[PDB]
Amino acid sequence: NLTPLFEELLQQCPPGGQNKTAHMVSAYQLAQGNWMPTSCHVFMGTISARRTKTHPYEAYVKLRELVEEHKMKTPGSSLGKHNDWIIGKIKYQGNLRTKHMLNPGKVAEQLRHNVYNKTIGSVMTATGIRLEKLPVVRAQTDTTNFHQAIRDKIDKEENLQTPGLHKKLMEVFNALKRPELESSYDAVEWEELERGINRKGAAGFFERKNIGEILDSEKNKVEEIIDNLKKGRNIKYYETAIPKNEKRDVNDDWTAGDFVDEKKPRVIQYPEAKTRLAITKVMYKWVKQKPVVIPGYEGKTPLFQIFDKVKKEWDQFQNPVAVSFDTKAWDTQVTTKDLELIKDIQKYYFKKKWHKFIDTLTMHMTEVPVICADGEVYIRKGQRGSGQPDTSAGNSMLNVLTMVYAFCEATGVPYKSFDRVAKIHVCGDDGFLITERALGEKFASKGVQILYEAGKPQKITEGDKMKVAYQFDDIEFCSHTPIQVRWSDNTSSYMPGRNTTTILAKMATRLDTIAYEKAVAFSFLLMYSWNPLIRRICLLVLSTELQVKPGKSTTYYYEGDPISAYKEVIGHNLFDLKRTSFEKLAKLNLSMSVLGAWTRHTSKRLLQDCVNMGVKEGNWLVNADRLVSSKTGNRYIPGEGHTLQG
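In this note's numbering, each residue carries its 1-based index in the sequence shown increased by 92.
Laid out in structure tokens, this is it:
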């Protein structure tokens, strides 16, 4: 009966190793009684117990007392010599009130709003969409809640992990390495680096120049950093902490969608622009995954392609299920040992001449001086800073290894046989695996405890089970879920679905012109053309002032005709989309009704606005909508057009 109470307590036990010298009993065996726990060090959900005529609740109280004794003993740490320089910049005593990491004081101070996209937002208002009923997106936070987020999320000790965990994770890696690439990676030239780089990439706290200014004028400074690291010499490594959606919350690289910003931690932590340049120039091939050596890495997969790709795997199983990865605050769960495992993997692929570079950078990353925007300093123990160049590749590989390990240990499948029974997909900490139902359910019921012991605790859920999808379109990935559409050529495919309320909110607002808005409308049309409401808002916006070209600040833009650009990447004309999955559409429209963001008139008013425009003489983008054209009697004839990134 008390099995759920024990299962909960086992998730508070310190991870331990296998104990052959004693009896290792589970939460079920404990709940049976006649089992006296001798220590709280948990291994695969089991602890050492003595056989001694014990009542179940007695065993529970002994285990709990053991956990509290252990917790009431697990200490301040010496600062590394290579971090001493930051103490020299301290001017005032600190007020972060951190409990588990040093707050040595505050350095001297150094020298964004959510506004409507007026055209997009007024098209919505014109149809009776109630903007003020849409959820809040891109919220900022004040200094007081920012420091609280630091105390809540970052101010912690490193996770304890199963003794010998990283040896096993390296064994998993050896089952998926690419030996033809061993010791082959070298730095890239400035020209290749500058091709894929956001020149607006943010300056660190002590920095004035952004990525582009440094590239134009201080390459020697970057090269000095590279040289120091290459020879194993310390650099003045630090990260700057800002609240999400602050002005310096800028992505160095192109992103596949706004989901990347949305999954960011509340606390953005990033190295200096000069230092990100130094890291990226040398480690380019790893941090950019050129080539892709992380199995299932979808970081480069456009969101309008991902679910068609995944459905082909799904169709190959007899009774497939998908098990979601749902780690709590992943970046705060990355340990020093985790980082050293990734370093060893990077040294596998890089030429030996960069091994000291990788050693020294990783050392700097194990104990990081972080300077808040307001000047407060904390010394972070391990973890991931979300603005590190290695965030996507390092987290993705760490996630793949940890999940393969956890799946194999839950199911009995050997590491080298994972690829025979399951397919994995990751984007940083986000992801899932597809496997046959029996294995998936085994993994979902045992994985919670195993993943906790591996230092990647899962979000707390019902009966401590990982989320299982029993039908393809219940998969969740990159904040989206598959939705099927029917094309006029008697085929079906999948698009990235998401709640209509959320899509509207993201489309309607930005953080601090029509050229930008038209790029947004095109970007959203590539993703959400399955959604008749989004589709028609997009077509109206794209109908605005045909003479102004789309801006290039967002995920995608079009050269020439946006309707032809759509066809180029989607594979059909917009006009050939004849049906969207009825059941899934209703699911993703529910919150429009719950929140009152629309009324019984909204869809017809938007249709009628499109028809009014499309019946008029001329070549109107709105007639690319199959139903609109059916009511207007006119079609859109596309010119030439191409989809571009950036």
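We treat Cβ as the ideally placed atom computed from N, Cα and C, and that holds for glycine.
| Query | Result |
| --- | --- |
| For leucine 680 and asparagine 582, believed in contact at Cβ under 8 Å, the rounded distance | Wrong, their Cβ atoms sit about 25 Å apart, outside the cutoff. |
| Through-space distance from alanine 716 to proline 730, alpha-carbon basis | 9 Å |
| Sub-7 Å separation of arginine 291 and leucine 603 beta-carbons | no |
| Beta-bridge pairing of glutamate 528 - partner residues as DSSP gives them | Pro412 |
| Run of the beta strand (DSSP E) containing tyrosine 184, from where it starts to where it stops | 182-184 |
| Through-space distance from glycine 168 to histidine 147, alpha-carbon basis | 40 Å |
| Candidates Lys644, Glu249, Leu188 and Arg243, of which the one nearest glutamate 609 by Cα | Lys644 |
| Sheet register partners of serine 140 (DSSP bridge) | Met116 |
| Contact the stretch 463-477 vs the stretch 498-505: 3+ CB pairs below 8 Å | no |
| As assigned by DSSP and simplified to three states, the class of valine 229 | coil |
| Cβ shell of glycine 391 (< 7 Å), same chain only, five flanking positions each side left out | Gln381, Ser484, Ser488 and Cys519 |
| Same chain, Cβ closer than 7 Å to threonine 594, five either side skipped, listed in chain order | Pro227 |
| First and last residue of the uninterrupted alpha helix (DSSP H) at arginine 204 | Counting along the chain, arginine 204 falls outside any alpha helix (DSSP H), and DSSP gives it neither H nor E. |
| Residue environment, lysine 373, which counts as buried when at least 16 other CB atoms sit within 10 Å | buried |
| Where the beta strand (DSSP E) through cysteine 464 begins and ends | 459-464 |
| Helix, strand or coil at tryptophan 622 [DSSP, three-state] | coil |
| Other residues of its chain near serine 131: CB distance less than 7 Å, five sequence neighbours each side excluded | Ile139, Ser140 and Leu158 |
| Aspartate 653 versus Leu666, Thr646 and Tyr470, residue with shortest Cα-Cα distance | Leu666 |
| C-alpha distance - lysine 515 paired with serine 695, whole-angstrom precision | 40 Å |
| Among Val413, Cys570 and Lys336, nearest to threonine 393 - alpha-carbon criterion | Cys570 |
| Start-to-end residues for the beta strand (DSSP E) that takes in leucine 669 | 669-672 |
| Assumed close pair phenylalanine 616, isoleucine 626 - CB separation to whole angstroms, cut-off 8 Å | 6 Å |
| Per-residue burial, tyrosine 620 [other beta carbons within 10 Å of its own, 16 or more giving buried] | buried |
| Per-residue burial, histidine 693 [other beta carbons within 10 Å of its own, 16 or more giving buried] | exposed |
| Nearest residue (CA-CA) to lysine 401, options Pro335, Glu732 and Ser585 | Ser585 |
| Local conformation of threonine 367 per DSSP, three classes | helix |
| Close Cβ partners of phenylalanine 135 (< 8 Å) along its chain, the five nearest in sequence each way excluded | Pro107, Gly108, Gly109, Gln110, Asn111, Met116, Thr254 and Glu545 |
| Simplified DSSP assignment, three categories, for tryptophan 579 | strand |
| 7 Å CB neighbourhood of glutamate 99 in its chain, flanking five on each side removed | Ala119 and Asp556 |
| Supposed contact pair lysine 301 and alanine 365 - C-beta distance, whole angstroms, cut 8 Å | 7 Å |
| Identified DSSP bridge partners for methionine 128 | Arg142 |
| Neighbourhood of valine 633 by C-beta, 7 Å cutoff - its chain only, sequence neighbours within 5 removed | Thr211, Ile212, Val215, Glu609, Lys610 and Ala613 |
| Where the beta strand (DSSP E) through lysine 515 begins and ends | 514-519 |
| Nearest candidate by alpha-carbon position, reference residue 90, set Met684, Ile306 and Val359 | The chain is shown from 93 up to 738; residue 90 falls before or after that span and cannot be answered. |
| Nearest candidate by alpha-carbon position, reference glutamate 354, set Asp522, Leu669 and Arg671 | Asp522 |
| Runs of alpha helix (DSSP H) wholly within the stretch 664-735 (minimum 4 residues, chain order) | 674-687, 694-707 and 718-724 |
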